[PDB]
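**Student:**
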Amino acid sequence: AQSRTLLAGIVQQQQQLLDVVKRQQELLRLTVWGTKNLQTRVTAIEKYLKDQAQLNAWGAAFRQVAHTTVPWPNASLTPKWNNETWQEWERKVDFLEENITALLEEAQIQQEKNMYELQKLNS
Amino acid sequence: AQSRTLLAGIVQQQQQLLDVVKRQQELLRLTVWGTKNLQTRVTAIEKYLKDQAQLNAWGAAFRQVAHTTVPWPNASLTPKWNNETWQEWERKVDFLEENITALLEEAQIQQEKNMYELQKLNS
Amino acid sequence: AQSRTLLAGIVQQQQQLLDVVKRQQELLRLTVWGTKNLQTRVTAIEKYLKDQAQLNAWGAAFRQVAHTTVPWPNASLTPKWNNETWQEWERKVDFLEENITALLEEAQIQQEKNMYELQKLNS
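Residue numbers (the deposited numbering), protein chains in the order written: chain C, 1 to 123; chain A, 1 to 123; chain B, 1 to 123.
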């Protein structure tokens with residue numbers, strides 16, 4: 001009269017949930033690439049903005065033999081506040097990523113063990 | 001002496017976990033919109049940067065009847081590397097999204113079946 | 001002959017899954033900060049682009065005592081479409097975030113209760 005069948009359905013449900021959790025992790029990795037990729041493009045834009053500062057007043061004088069170039073900074077480059085803050089952000093993700101892999105590894109061993117034990121009941 | 005009550009709590013716990021997993025999926029969809037929305041804004045910025053290249057030296061000559069316009073590229077437009085790489089990124093998300101929906105659909109049918117069977121034990 | 005041990009493994013498996021779900025939430029929060037941080041940088045870029053519009057034709061005249069400044073808009077600032085749409089995006093995240101916390105709180109109470117009941121069976 002033991003409800004082994006009900007347990008089989010319950011154990012199977014946990015397996016499906018674990019698979020979906022893993023799918024979210026891969027999807028999360030894809031999202032991270034999009035954000036990081038945008039930053040690389042943003043850095044390229046910063047270099048072009050500096051070039052615009054170089055353009056100020058050229059050939060604006062035909063009674064003198066000189067050209068005035070004023071490349072005043074345009075894109076404010078982040079030296080310490082963004083890098084130090086961004087590194088902390090990346091480091092937090094690395095610790096959470098390692099923790100999720102350890103938890104998933106333990107779940108896989110326990111999941112198989114629970115199903116293995118179930119088979120012994122009705123092998 | 002069967003622990004049907006314990007099973008009821010266990011089955012209910014799986015239902016709550018499934019709901020939270022679905023909530024993460026919707027939240028993930030909202031995050032994707034933010035990243036994609038930023039790219040559309042970035043493209044608008046690229047068009048303005050090209051306009052800046054057009055500004056070089058105008059009216060810088062009152063002893064000639066001509067104007068010099070030098071629209072040298074400014075924003076580096078991505079023709080194949082980003083589009084091909086971004087399409088692969090979007091395609092990977094589409095396959096994972098379809099897989100999560102299939103897994104969730106199966107879980108919903110199994111979850112209801114497990115609860116339905118539980119009701120038969122004590123209906 | 002009750003499978004209390006199998007239930008202990010099953011109950012433990014749910015606990016591990018709940019922990020991983022919580023880890024995804026924190027990771028999701030870190031991802032949100034990266035996207036929002038980029039927008040703040042984008043606004044800074046918009047201010048510099050306006051400055052470029054100011055640079056048009058200076059000193060381009062040595063037979064006149066005047067300077068022509070033409071600061072034509074460059075970065076298209078979003079007044080209502082992005083803010084209204086972005087506020088809706090942020091609001092949707094706030095409702096989903098509150099819903100996930102409520103579901104997790106209920107799961108923690110049910111999880112402890114299921115384990116507490118298990119202890120009574122074999123305390």
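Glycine residues also receive a C-beta, built at the ideal position from the N, C-alpha and C atoms.
1) Which residue marks the beginning of the alpha helix (DSSP H) containing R29(B), and which one marks its end?
2) Near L7(C), what residues of its chain come up, given a Cβ to Cβ distance below 7 Å and the 5 sequence neighbours on each side ignored?
3) Can you tell me the Cα-Cα spacing of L30(B) and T78(A), whole angstroms?
4) Whole angstroms is fine: what's the gap from residue 166(A)'s alpha carbon to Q24(A)'s?
5) So with Cβ pairs under 8 Å, would you call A57(C) a contact of chain B?
6) Given that a residue counts as buried once 16 or more other Cβ atoms are within 10 Å of its Cβ, and exposed if not, what is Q2(A)?
7) Can you have a look at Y48(A) and say buried or exposed, based on whether 16 or more other CB atoms are within 10 angstroms of its CB?
8) Of the residues that make up the segment 3–32 of chain B, which ones have a beta carbon closer than 9 Å to any beta carbon in chain C?
9) Are the Cβ atoms of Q111(A) and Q16(A) separated by less than 8 Å?
10) Pull up the CB-CB distance for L104(C) and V20(B), whole angstroms please, since I reckon it's below 8 Å.
11) If we call anything under 8 Å between Cβ atoms a contact, is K50(B) one with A66(B)?
12) Helix, strand or coil for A60(A)? Go by DSSP, reduced to three states.
13) Classify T69(C) as helix, strand or coil using the three-state DSSP reduction.
14) What residues of chain B sit near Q119(C), judged by a beta carbon separation below 9 Å?
15) Is there at least one Cβ from chain A nearer than 8 Å to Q54(B)'s Cβ?
16) Enumerate in chain order the residues of its own chain whose CB-to-CB distance from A53(C) is below 8 Å, with the five nearest sequence positions on each side excluded.
17) Using alpha carbons as the reference points, say which of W86(C), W58(C), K22(C) and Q64(C) lies closest to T101(C).
18) So the alpha helix (DSSP H) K92(C) belongs to, where does it begin and stop?
19) Determine, using beta carbons only, whether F62(C) comes closer than 8 Å to chain A.
20) Would you say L38(B) lies against chain C (beta-carbon separation less than 8 Å)?
21) Nearest to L27(B) by alpha carbon, out of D94(C), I109(C), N122(C) and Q12(C)?
**Tutor:** In this structure, then:
1) Taking the third sequence and counting its residues from 1, the one referred to as residue 29(B) is at position 29. Its alpha helix (DSSP H) spans residues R4 to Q54.
2) Here residue 7(C) refers to the residue found at position 7 of the first sequence. For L7(C), where only same-chain residues beyond five positions count, the Cβ hits under 7 Å are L118.
3) Translated into positions along the third sequence, residue 30(B) becomes position 30. Translated into positions along the second sequence, residue 78(A) becomes position 78. Approximately 28 Å, taken between the alpha carbons.
4) Nothing about residue 166(A) can be reported from this structure: the residues present for chain A run from 1 to 123 only.
5) On the first sequence, residue 57(C) is found 57 positions in, with the first residue counted as 1. True, the Cβ-Cβ gap to chain B drops below 8 Å.
6) Along the second sequence, read from residue 1 onward, the residue named residue 2(A) stands at position 2. Exposed, because fewer than 16 other Cβ atoms sit within 10 Å of the Cβ of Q2(A).
7) Against the second sequence, residue 48(A) aligns to sequence position 48. Buried.
8) Here the close residues are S3, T5, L6, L7, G9, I10, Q12, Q13, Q14, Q16, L17, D19, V20, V21, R23, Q24, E26, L27, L28, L30 and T31.
9) By one-based count along the second sequence, residue 111(A) stands at place 111. By one-based count along the second sequence, residue 16(A) stands at place 16. Contact: no.
10) In the first sequence, residue 104(C) corresponds to position 104, counting from 1. In the third sequence, residue 20(B) corresponds to position 20, counting from 1. Yes, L104(C) and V20(B) are in contact; Cβ-Cβ is about 7 Å, under 8 Å.
11) Position 50 of the third sequence, counted from the start, is the residue given in the question as residue 50(B). Position 66 of the third sequence, counted from the start, is the residue given in the question as residue 66(B). The answer is no: Cβ separation not under 8 Å.
12) Translated into positions along the second sequence, residue 60(A) becomes position 60. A60(A): coil per DSSP, three-state reduction.
13) Taking the first sequence and counting its residues from 1, one reaches residue 69(C) at position 69. Residue state, collapsed to three classes: coil.
14) The residue given as residue 119(C) occupies position 119 in the first sequence. Simply none; closest approach about 11 Å.
15) Here residue 54(B) refers to the residue found at position 54 of the third sequence. Using beta-carbon distances, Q54(B) does not count as an interface residue toward chain A, since no partner is under 8 Å.
16) The residue given as residue 53(C) occupies position 53 in the first sequence. These residues qualify, in order along the chain: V70, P71, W72, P73 and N74.
17) For the purposes of this step, residue 101(C) is identified with residue 101 of the first sequence, where counting begins at 1. For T101(C), the nearest C-alpha among the options comes from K22(C).
18) Mapped onto the first sequence, residue 92(C) falls at position 92. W81 to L121 is the span of the alpha helix (DSSP H), which, as asked, contains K92(C).
19) Numbered from its first residue, the first sequence carries residue 62(C) at position 62. Cβ-Cβ to chain A under 8 Å: yes for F62(C).
20) In the third sequence, counting from the first residue as 1, residue 38(B) sits at position 38. Judged by the 8 Å Cβ criterion, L38(B) is in contact with chain C.
21) Walking along the third sequence from the start, residue 27(B) turns up at place 27. It is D94(C).
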